[PDB]
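> Sharing an experimental structure here, sequence included.
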Amino acid sequence: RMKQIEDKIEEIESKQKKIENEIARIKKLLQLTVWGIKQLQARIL
Amino acid sequence: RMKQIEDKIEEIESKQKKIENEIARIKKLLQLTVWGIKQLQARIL
Amino acid sequence: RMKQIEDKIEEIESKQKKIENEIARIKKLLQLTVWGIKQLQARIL
């Protein structure tokens, strides 16, 4: 039962790292879209 | 003590699924905004 | 071995709060980009 607890926490930790990596990707793409909107407003203005 | 720990893990897992669903929602909306920017650019060019 | 478990649970919980704060920041900026695209579309159409 103690091994199951340890393994569960391992699985949670690996998954949290994947979530963190995905958040990092999301922030970068979000910043691209900010920049993209900025360029389009400046072209139309 | 082991039940206390297992209960804590259960709350972590619940929260993690909440986070995962939040990130799915974000990625879907980000996909839309990327698309919308691509459409506007094509229009103005 | 037992206190490593306790340390890790508490570190995962902390990391989940960090992640939820990042998600809240992402959602705010997303809502801004949604608004900006809507404004640009209206201007060009």
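Cool, the structure landed. Numbering: from 1, shown residues only, chains lettered A, B, ... in the order given.
> For the rest of this, base every contact and every neighbour count on C-alpha atoms.
Fine.
> And the residue nearest the centre of chain A?
residue A:23 (1.1 Å; Cα atoms, centre = their mean).
> any idea which element that residue lies in?
Using DSSP states H and E, the element containing residue A:23 is helix A:2-44.
> which helices and strands does that helix pack with?
If you count contacts as 3 or more Cα pairs under 8 Å, 6 or more residues apart in numbering or on different chains; DSSP states H and E, helix A:2-44 packs onto helix B:2-44, helix C:2-44.
> and the angle from it to helix B:2-44?
Using axes from the mean of the first three to the mean of the last three Cα atoms, to 10 degrees, the interaxial angle of helix A:2-44 with respect to helix B:2-44 works out to 20 degrees.
> gap between helix A:2-44 and the chain center?
Put simply, helix A:2-44 sits 0 Å off its chain's centre (Cα atoms, centre = their mean, to the nearest Å).
> before we move on, what about stretch A:1-21?
With Cα atoms, centre = their mean, you get 18 Å for stretch A:1-21.
> again, but for stretch A:33-45
With Cα atoms, centre = their mean, you get 24 Å for stretch A:33-45.
> Going by neighbour count, list what's buried in that stretch.
A:33, A:34, A:36, A:37, A:40 (16 or more other Cα atoms under 10 Å in any protein chain shown).
> Same check on stretch A:18-31?
For stretch A:18-31, burial by neighbour count (16+ other Cα under 10 Å) applies to A:19, A:20, A:23, A:26, A:27, A:29, A:30.
> Done for today, thanks.
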